[PDB]
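The structure under discussion appears below in the form of structure tokens.
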Ligand SMILES: *NP(=O)(O)OC[C@H]1O[C@@H](n2cnc3c(N)ncnc32)[C@H](O)[C@@H]1O
Ligand SMILES: [Mg+2]
Ligand SMILES: [Mg+2]
Ligand SMILES: [Zn+2]
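Residue numbers (the deposited numbering), protein chains in the order written: chain A, 1 to 85, 89 to 348; chain C, 1 to 7.
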């Protein structure tokens, strides 16, 4: 029954009242008197204190104190003293506390988790290092490519001295330089047929950050539905950052439930079809690190939330685009269809 | 974003 003020609380005057808190839970309090009383209440909990011990020293009416305490609690501005107790993950612990979570139990779930990174290029680089430094206990890196100089625009764990080396081996070296408390392993594999997915180990979640052929995502989706394997896709369509869907067996839609994304990269007319296939074979995305990094970042966030259970991943039932040449975030609905030819009932 | 992504 001791409470403490989270370190992530800040206070400002603003407009006709004030602000309490920052981020999604920031509250504007127009009533100045109420804002002042929230501050006085907040101040009682700098050190761990009971409701009654604070009510003893607050010097405002109990009616007002009760209101202020409820307000601070319902926004997780004050948290159980239990939840605040040196620690390399301590900034992440503030993030978990700010959602009303016990940060040690979240951290324990991350430590016990295994994640597969399928594809160790732009997306894979950025996701892997976030997960490693957030304390995901076991990371499996899958790729069969070598580092090229053009990769250095996005593939942040690679240096000039690394050109020609294998991607999995350099990611592993760089991850363990950043967090030597975790386990990393490599698998040299190119999934060029559906059947190669049998070589990919079961895990808490697959990060699907590989993109050849155009229908790899379709293969992965079908395999993961059949294998009861959660996955999340991320990447970009040229200048649009994409993340999601986050597929959870029996819970969310799969990639094919809703028919929003094109699946015929071709034509019913053979002459036209061959032209299309050539153009699409020659296709190289207009990669831009900022697009890459946004997609990767929000993909990693959803992995940490999926495993840590403290807040709902954004990409459940959704494939989310963030535009880079205008201000726009748009979700494609990928909710479950009872008539999905892949995952139905 | 009506086509698949690259990554
Ligand atoms: N998006 P990019 O920066 O090009 O990184 C993609 C990574 O994924 C690897 N990759 C692509 N397709 C496959 C398959 N089918 N199996 C295994 N790995 C794949 C690329 O080598 C790249 O590093
Ligand atoms: Mg390459
Ligand atoms: Mg590529
Ligand atoms: Zn489906």
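C-beta atoms are modelled at their ideal positions from N, C-alpha and C, and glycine is treated no differently.
#1: Using DSSP with H/G/I as helix, E/B as strand and the rest coil, what is residue 142 (chain A)?
#2: Under DSSP, the beta strand (DSSP E) around residue 188 (chain A) begins and ends at which residues?
#3: List the whole-angstrom C-beta distance separating residue 130 (chain A) from residue 289 (chain A), where the pair is believed to meet the contact cut-off of C-beta under 8 Å.
#4: Locate the beta strand (DSSP E) running through residue 6 (chain C), then write down its first and last residues.
#5: Closer than 7 Å: is that where the CB of residue 189 (chain A) sits relative to any heavy atom of ligand 2?
#6: Cβ atoms of residue 213 (chain A) and residue 121 (chain A): under 8 Å apart, would you say?
#7: Give me the pocket residues for ligand 2, defined as CB within less than 6 Å of any heavy atom, sorted by chain position.
#8: Closest Cβ-Cβ distance between residue 161 (chain A) and chain C: below 8 Å?
#9: Within a Cβ cutoff of 6 Å, which residues of the same chain sit near residue 103 (chain A), ignoring the five residues on either side of it in sequence?
#10: List in chain order: all unbroken beta strand (DSSP E) runs of 3+ residues lying wholly within the stretch 320–344 of chain A.
#11: Just how far apart, CA to CA, sit residue 349 (chain A) and residue 317 (chain A)?
#12: Would you say residue 212 (chain A) lies against chain C (beta-carbon separation less than 8 Å)?
#13: How big is the Cα-Cα spacing for residue 275 (chain A) and residue 268 (chain A)?
#14: Which residues mark the beginning and the end of the beta strand (DSSP E) in which residue 2 (chain A) is found?
#15: Considering just the uninterrupted stretch of the alpha helix (DSSP H) at residue 71 (chain A), what are its terminal residues?
#16: Please list, in chain order, the chain C residues whose beta carbon lies closer than 7 Å to that of residue 88 (chain A).
#17: Could you check whether the stretch 17–29 of chain A touches the stretch 52–69 of chain A, counting it as contact only if at least three pairs of C-beta atoms, one from each stretch, sit closer than 8 Å?
#18: Between which residues of its own chain and residue 168 (chain A) is the CB-CB distance below 6 Å, once the five residues before and five after are set aside?
#19: Taking Cβ to Cβ, would you say residue 238 (chain A) is nearer than 8 Å to residue 145 (chain A)?
#20: How many angstroms separate the CA atom of residue 246 (chain A) from the CA atom of residue 43 (chain A)?
#21: Could you tell me whether the Cβ atoms of residue 186 (chain A) and residue 259 (chain A) are closer together than 8 Å?
#22: State the DSSP-derived secondary structure class of residue 316 (chain A), mapped to helix, strand or coil.
#23: From the DSSP secondary-structure annotation, give me the bridge partner or partners of residue 234 (chain A).
On the basis of the supplied data:
#1: Residue 142 (chain A): strand per DSSP, three-state reduction.
#2: Counted as a single uninterrupted DSSP element, the beta strand (DSSP E) harbouring residue 188 (chain A) occupies residues 186–191.
#3: Contact flag wrong, Cβ pair sits at about 21 Å.
#4: It is not in any beta strand (DSSP E) - residue 6 (chain C) carries neither H nor E in the DSSP assignment.
#5: False, no ligand heavy atom lies under 7 Å from that Cβ.
#6: Contact: yes.
#7: Selection output, chain order preserved: A:148 and A:151.
#8: Taking a beta-carbon distance threshold of 8 Å, residue 161 (chain A) does not count as an interface residue toward chain C.
#9: So the list reads 76, once near-sequence residues are dropped.
#10: With a minimum length of 3 residues, the continuous beta strand (DSSP E) runs that stay inside the stretch 320–344 of chain A are 321–326 and 332–336.
#11: Outside the shown range of chain A (1 to 348) lies residue 349 (chain A), about which nothing can therefore be said.
#12: Residue contact with chain C for residue 212 (chain A): present (Cβ-Cβ distance below 8 Å to some residue of chain C).
#13: Take the alpha-carbon of residue 275 (chain A) and the one of residue 268 (chain A): they are about 11 Å apart.
#14: From DSSP, the beta strand (DSSP E) with residue 2 (chain A) extends over 2–5.
#15: Looking at the DSSP string, the run of the alpha helix (DSSP H) that includes residue 71 (chain A) is 62–74.
#16: The gap in chain A between 85 and 89 takes in residue 88 (chain A), so it carries no coordinates here.
#17: Taking 8 Å as the limit for Cβ pairs, the verdict is that the stretch 52–69 of chain A does not touch the stretch 17–29 of chain A.
#18: Excluding residues up to 5 positions away in sequence, 150 lie with their Cβ nearer than 6 Å to the Cβ of residue 168 (chain A) in the same chain.
#19: Not closer than 8 Å, so no.
#20: Going by the C-alpha atoms only, they are around 41 Å apart.
#21: The Cβ-Cβ distance between residue 186 (chain A) and residue 259 (chain A) does not fall below 8 Å.
#22: DSSP places residue 316 (chain A) outside both helix and strand once states are collapsed to three, so it counts as coil.
#23: According to the DSSP secondary-structure assignment, residue 234 (chain A) is paired through a beta bridge with A:209 and A:250.
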